[PDB]
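Trainee: One structure, as structure tokens, below. Some questions next.
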Amino acid sequence: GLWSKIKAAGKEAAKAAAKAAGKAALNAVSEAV
């Protein structure tokens, strides 16, 4: 029974990007205009 708790983990493991994502995201659109 390897893996297990991958959905709850990943989502929690991707939470990082979630933030660092939008941040660097506004940078582009901002630079554009």
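Convention: chains lettered A, B, ... in structure tokens order; per-chain residue numbering from 1; ligands numbered from 1 as shown.
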Where in chain A does DSSP assign helix (DSSP H, G or I), given as a list in words?

Mentor: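 Everything in chain A that counts as helix (DSSP H, G or I) is residues 6, 7, 8, 9, 10, 11, 12, 13, 14, 15, 16, 17, 18, 19, 20, 21, 22, 23, 24, 25, 26, 27, 28, 29, 30, 31 and 32 of chain A.
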
Trainee: Take the residues just selected and output them with N, CA and C atoms as a PDB file, in the first residue's frame.

Mentor:
ATOM      1  N   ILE A   6      -1.798  10.795  -1.224  1.00  0.00           N
ATOM      2  CA  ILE A   6      -1.089  11.536  -2.260  1.00  0.00           C
ATOM      3  C   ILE A   6      -1.873  12.780  -2.665  1.00  0.00           C
ATOM      4  N   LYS A   7      -3.197  12.666  -2.661  1.00  0.00           N
ATOM      5  CA  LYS A   7      -4.050  13.790  -3.031  1.00  0.00           C
ATOM      6  C   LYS A   7      -3.971  14.892  -1.978  1.00  0.00           C
ATOM      7  N   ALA A   8      -4.053  14.500  -0.710  1.00  0.00           N
ATOM      8  CA  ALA A   8      -3.990  15.464   0.380  1.00  0.00           C
ATOM      9  C   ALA A   8      -2.580  16.015   0.524  1.00  0.00           C
ATOM     10  N   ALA A   9      -1.605  15.175   0.223  1.00  0.00           N
ATOM     11  CA  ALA A   9      -0.209  15.564   0.317  1.00  0.00           C
ATOM     12  C   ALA A   9       0.167  16.507  -0.820  1.00  0.00           C
ATOM     13  N   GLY A  10       0.024  16.028  -2.052  1.00  0.00           N
ATOM     14  CA  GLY A  10       0.353  16.836  -3.220  1.00  0.00           C
ATOM     15  C   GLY A  10      -0.254  18.229  -3.106  1.00  0.00           C
ATOM     16  N   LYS A  11      -1.578  18.288  -3.013  1.00  0.00           N
ATOM     17  CA  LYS A  11      -2.264  19.568  -2.897  1.00  0.00           C
ATOM     18  C   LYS A  11      -1.560  20.441  -1.864  1.00  0.00           C
ATOM     19  N   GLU A  12      -1.098  19.811  -0.789  1.00  0.00           N
ATOM     20  CA  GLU A  12      -0.395  20.530   0.260  1.00  0.00           C
ATOM     21  C   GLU A  12       1.054  20.762  -0.151  1.00  0.00           C
ATOM     22  N   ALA A  13       1.536  19.946  -1.083  1.00  0.00           N
ATOM     23  CA  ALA A  13       2.905  20.077  -1.563  1.00  0.00           C
ATOM     24  C   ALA A  13       2.974  21.118  -2.675  1.00  0.00           C
ATOM     25  N   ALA A  14       1.837  21.351  -3.330  1.00  0.00           N
ATOM     26  CA  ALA A  14       1.776  22.325  -4.416  1.00  0.00           C
ATOM     27  C   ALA A  14       1.396  23.705  -3.883  1.00  0.00           C
ATOM     28  N   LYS A  15       0.947  23.753  -2.632  1.00  0.00           N
ATOM     29  CA  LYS A  15       0.555  25.019  -2.023  1.00  0.00           C
ATOM     30  C   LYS A  15       1.664  26.055  -2.182  1.00  0.00           C
ATOM     31  N   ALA A  16       2.904  25.583  -2.269  1.00  0.00           N
ATOM     32  CA  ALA A  16       4.039  26.482  -2.436  1.00  0.00           C
ATOM     33  C   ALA A  16       3.864  27.286  -3.712  1.00  0.00           C
ATOM     34  N   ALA A  17       3.837  26.574  -4.830  1.00  0.00           N
ATOM     35  CA  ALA A  17       3.654  27.212  -6.127  1.00  0.00           C
ATOM     36  C   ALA A  17       2.490  28.182  -6.060  1.00  0.00           C
ATOM     37  N   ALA A  18       1.363  27.658  -5.612  1.00  0.00           N
ATOM     38  CA  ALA A  18       0.137  28.440  -5.477  1.00  0.00           C
ATOM     39  C   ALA A  18       0.443  29.910  -5.188  1.00  0.00           C
ATOM     40  N   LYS A  19       1.272  30.160  -4.176  1.00  0.00           N
ATOM     41  CA  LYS A  19       1.632  31.528  -3.822  1.00  0.00           C
ATOM     42  C   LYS A  19       2.676  32.067  -4.792  1.00  0.00           C
ATOM     43  N   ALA A  20       3.887  31.534  -4.688  1.00  0.00           N
ATOM     44  CA  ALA A  20       4.982  31.963  -5.553  1.00  0.00           C
ATOM     45  C   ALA A  20       4.537  32.010  -7.012  1.00  0.00           C
ATOM     46  N   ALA A  21       3.367  31.442  -7.290  1.00  0.00           N
ATOM     47  CA  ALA A  21       2.842  31.425  -8.650  1.00  0.00           C
ATOM     48  C   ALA A  21       2.226  32.775  -9.004  1.00  0.00           C
ATOM     49  N   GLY A  22       1.108  33.096  -8.365  1.00  0.00           N
ATOM     50  CA  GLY A  22       0.428  34.360  -8.620  1.00  0.00           C
ATOM     51  C   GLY A  22       1.411  35.525  -8.570  1.00  0.00           C
ATOM     52  N   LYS A  23       2.175  35.603  -7.486  1.00  0.00           N
ATOM     53  CA  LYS A  23       3.152  36.675  -7.326  1.00  0.00           C
ATOM     54  C   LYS A  23       3.880  36.943  -8.641  1.00  0.00           C
ATOM     55  N   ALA A  24       4.724  36.000  -9.047  1.00  0.00           N
ATOM     56  CA  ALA A  24       5.483  36.145 -10.284  1.00  0.00           C
ATOM     57  C   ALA A  24       4.553  36.292 -11.485  1.00  0.00           C
ATOM     58  N   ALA A  25       3.275  35.980 -11.290  1.00  0.00           N
ATOM     59  CA  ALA A  25       2.304  36.083 -12.375  1.00  0.00           C
ATOM     60  C   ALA A  25       1.937  37.543 -12.633  1.00  0.00           C
ATOM     61  N   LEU A  26       1.675  38.284 -11.560  1.00  0.00           N
ATOM     62  CA  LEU A  26       1.314  39.691 -11.690  1.00  0.00           C
ATOM     63  C   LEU A  26       2.480  40.490 -12.264  1.00  0.00           C
ATOM     64  N   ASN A  27       3.693  39.993 -12.050  1.00  0.00           N
ATOM     65  CA  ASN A  27       4.885  40.670 -12.550  1.00  0.00           C
ATOM     66  C   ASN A  27       4.812  40.832 -14.065  1.00  0.00           C
ATOM     67  N   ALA A  28       4.500  39.740 -14.757  1.00  0.00           N
ATOM     68  CA  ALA A  28       4.402  39.773 -16.211  1.00  0.00           C
ATOM     69  C   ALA A  28       3.356  40.789 -16.658  1.00  0.00           C
ATOM     70  N   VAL A  29       2.086  40.467 -16.427  1.00  0.00           N
ATOM     71  CA  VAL A  29       0.999  41.362 -16.809  1.00  0.00           C
ATOM     72  C   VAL A  29       1.347  42.804 -16.463  1.00  0.00           C
ATOM     73  N   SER A  30       1.979  42.995 -15.309  1.00  0.00           N
ATOM     74  CA  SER A  30       2.365  44.330 -14.873  1.00  0.00           C
ATOM     75  C   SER A  30       3.401  44.925 -15.822  1.00  0.00           C
ATOM     76  N   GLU A  31       4.421  44.137 -16.144  1.00  0.00           N
ATOM     77  CA  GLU A  31       5.473  44.595 -17.043  1.00  0.00           C
ATOM     78  C   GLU A  31       4.898  44.921 -18.418  1.00  0.00           C
ATOM     79  N   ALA A  32       4.012  44.055 -18.903  1.00  0.00           N
ATOM     80  CA  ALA A  32       3.393  44.259 -20.206  1.00  0.00           C
ATOM     81  C   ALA A  32       2.938  45.708 -20.362  1.00  0.00           C
TER      82      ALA A  32
END
